[PDB]
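Engineer: Protein chains in written order, with UniProt numbering: chain X, 622 to 696; chain W, 622 to 696; chain L, 622 to 696; chain F, 622 to 696; chain B, 622 to 696.
Sharing a structure here in structure tokens format.
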Amino acid sequence: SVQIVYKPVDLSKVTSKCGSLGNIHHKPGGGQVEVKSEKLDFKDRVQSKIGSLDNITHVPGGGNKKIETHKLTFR
Amino acid sequence: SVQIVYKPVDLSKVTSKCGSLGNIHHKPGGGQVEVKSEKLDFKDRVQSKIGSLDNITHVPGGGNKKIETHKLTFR
Amino acid sequence: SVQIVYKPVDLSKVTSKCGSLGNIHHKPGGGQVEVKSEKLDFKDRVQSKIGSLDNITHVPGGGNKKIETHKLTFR
Amino acid sequence: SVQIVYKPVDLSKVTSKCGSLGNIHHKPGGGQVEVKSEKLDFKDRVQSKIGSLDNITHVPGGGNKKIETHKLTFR
Amino acid sequence: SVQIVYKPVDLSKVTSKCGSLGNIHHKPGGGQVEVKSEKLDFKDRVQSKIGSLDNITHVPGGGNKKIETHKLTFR
């Protein structure tokens with residue numbers, strides 16, 4: 622007989638206190654981009670990205686991540 | 622006989638306190654983009670992106686992520 | 622007695638020959654201009670210019686200048 | 622007696638020959654300009670220029686300048 | 622008696638021959654300009670220029686300058 626008394630107790634206060642989150646700036650690709658391209662032969666798939674792309678400014682006033690697993694496996 | 626007393630108790634206060642979340646700026650692709658392209662031969666699929674793309678400014682006043690699994694598996 | 626035989630003879634063929642004047646480009650102020658300004662005190666005159674201004678693209682197919690003076694002064 | 626036989630003869634062919642004047646480009650101020658300005662006190666005149674200004678692309682197919690003086694002065 | 626036989630003869634062919642004047646580029650101020658300015662006190666005149674300014678691309682297919690004086694002065 623298999624008695625699994627699984628008791629994960631948690632009171633874990635994961636926390637932050639900021640007074641003023643402020644004055645944040647982010648200027649990707651200020652300058653000039655130029656691209657010349659000539660007598661190019663391709664014989665397979667192509668991708669191109671040119672410019673400002675995929676730029677992120679994640680500013681979470683909180684941003685408290687809490688990540689948990691309880692895998693109780695039995696064979 | 623298999624007694625699974627699974628008791629995940631949680632009181633976990635995942636929290637933030639901000640007074641003023643403020644004055645956030647984000648200026649991707651300020652500059653000029655130019656692209657010349659000439660006598661190009663392709664013999665397969667093509668993608669192109671040109672410009673400002675996929676730019677994000679995620680500013681969650683909270684932004685508290687809490688991510689959980691309880692996989693109780695039995696064979 | 623003052624005999625002024627002033628004879629400026631001129632046959633001066635000031636000239637140009639262009640076959641094709643072509644494909645001229647001019648892109649001032651491609652990028653972004655930003656200006657913040659705060660708690661400014663002035664106690665005299667002010668001028669401001671902001672942006673693209675006074676930009677010229679003079680493309681004279683000819684453009685042959687010929688500039689001449691004949692000051693015959695007498696006291 | 623003052624005989625001034627002034628005879629400036631000129632046949633001076635000031636000239637150009639271009640076959641194809643072509644493919645000229647000019648990109649001033651591609652990038653980004655930013656200006657913050659704060660708690661400034663002035664007690665006299667002010668000028669400001671900000672951006673792309675006074676940019677020239679003079680492309681004279683000819684552009685032959687011929688500049689001349691004939692000052693015959695007499696006291 | 623003052624005989625001034627002034628005879629400047631000129632046949633001076635000042636010349637150029639270009640086959641193809643071509644593919645000229647000029648990119649001033651590609652990059653980013655930034656200016657912060659704070660608690661500044663002035664007690665006299667001010668000028669400011671910020672950015673791309675006064676940029677020239679003079680491309681004279683000819684561009685033959687011929688500059689001349691004939692000052693015949695008499696006392």
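Note that CB positions come from ideal geometry on N, CA and C, so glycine has one too.
1. Within 10 angstroms of the Cβ of F:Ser673, are there 16 or more other Cβ atoms? Answer buried if so, exposed if not.
2. Within 10 Å of its beta-carbon, does F:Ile625 have 16 or more other beta-carbons around it, so buried, or fewer, so exposed?
3. Residues of the UniProt repeat "Tau/MAP 4" (654 to 685) of chain F with a CB closer than 7 Å to any CB of chain X: list them in chain order, please.
4. From which residue to which residue does the beta strand (DSSP E) around X:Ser673 run?
5. Starting from the Cα of F:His647, find the closest Cα among L:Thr690, L:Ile677, L:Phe663 and give me that residue.
6. Please classify F:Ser637: is it buried, with 16 or more other beta-carbons within 10 angstroms of its beta-carbon, or exposed?
7. Are there three or more Cβ pairs, one per stretch, closer than 8 Å when the region 652 to 665 of chain F is compared with the region 652 to 659 of chain L?
8. Counting only beta-carbon atoms, is W:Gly651 nearer than 8 Å to chain C?
9. Are there three or more Cβ pairs, one per stretch, closer than 8 Å when the region 676 to 696 of chain X is compared with the region 682 to 693 of chain W?
10. Within the same chain, show all residues whose beta-carbon is closer than 7 Å to that of F:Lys628, passing over the 5 residues directly before and after it, in chain order.
11. For a contact defined as C-beta to C-beta under 9 Å, what are the partners of F:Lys648 on chain W?
12. Please return the same chain residues whose Cβ sits closer than 8 Å to the Cβ of W:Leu642, not counting the five positions on each side in sequence.
13. Is the separation between the beta-carbon of W:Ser633 and that of X:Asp675 shorter than 8 Å?
14. Kindly provide the ranges of any beta strand (DSSP E) runs that are 3 or more residues long and lie completely inside the UniProt repeat "Tau/MAP 3" (623 to 653) of chain L, ordered along the chain.
15. Hey, how far is the Cα of B:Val635 from the Cα of F:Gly684?
16. Under a three-way DSSP split, which group does F:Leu661 fall into?
17. If we ignore side chains and look at the alpha-carbon of each, how far apart do W:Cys639 and X:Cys639 end up?
Structural biologist: Here's the rundown:
1. The Cβ neighbour count for F:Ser673, taken over all protein chains shown within 10 Å, is at least 16; the residue is labelled buried.
2. Looking at its Cβ environment, which holds 16 or more other Cβ atoms inside 10 Å, F:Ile625 is buried.
3. Listed by position along the chain: nothing, the set is empty.
4. Boundaries of the beta strand (DSSP E) harbouring X:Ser673: 670 to 674, taken from the DSSP string.
5. When only C-alpha atoms are compared, the closest one is L:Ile677.
6. With 16 or more Cβ atoms within 10 Å of its Cβ, F:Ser637 is classed as buried.
7. Result yes; three or more Cβ-Cβ pairs closer than 8 Å.
8. In the structure shown, chain C does not exist; the protein chains are X, W, L, F and B.
9. Counting Cβ pairs under 8 Å, three or more are found: they touch.
10. Cβ within range, chain order: n/a, list empty.
11. Contact annotation for F:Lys648 against chain W: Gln653, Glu655 [CB-CB distance below 9 Å, chain order].
12. Cβ within range, chain order: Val680, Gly682.
13. No, these two residues do not count as a Cβ contact at 8 Å.
14. Segments of the beta strand (DSSP E) lying fully in the UniProt repeat "Tau/MAP 3" (623 to 653) of chain L: 623 to 627, 638 to 645.
15. B:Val635 and F:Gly684: Cα-Cα distance of roughly 13 Å.
16. F:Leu661 falls in the coil class under three-state DSSP.
17. So the alpha carbons of these two residues sit roughly 5 Å apart.
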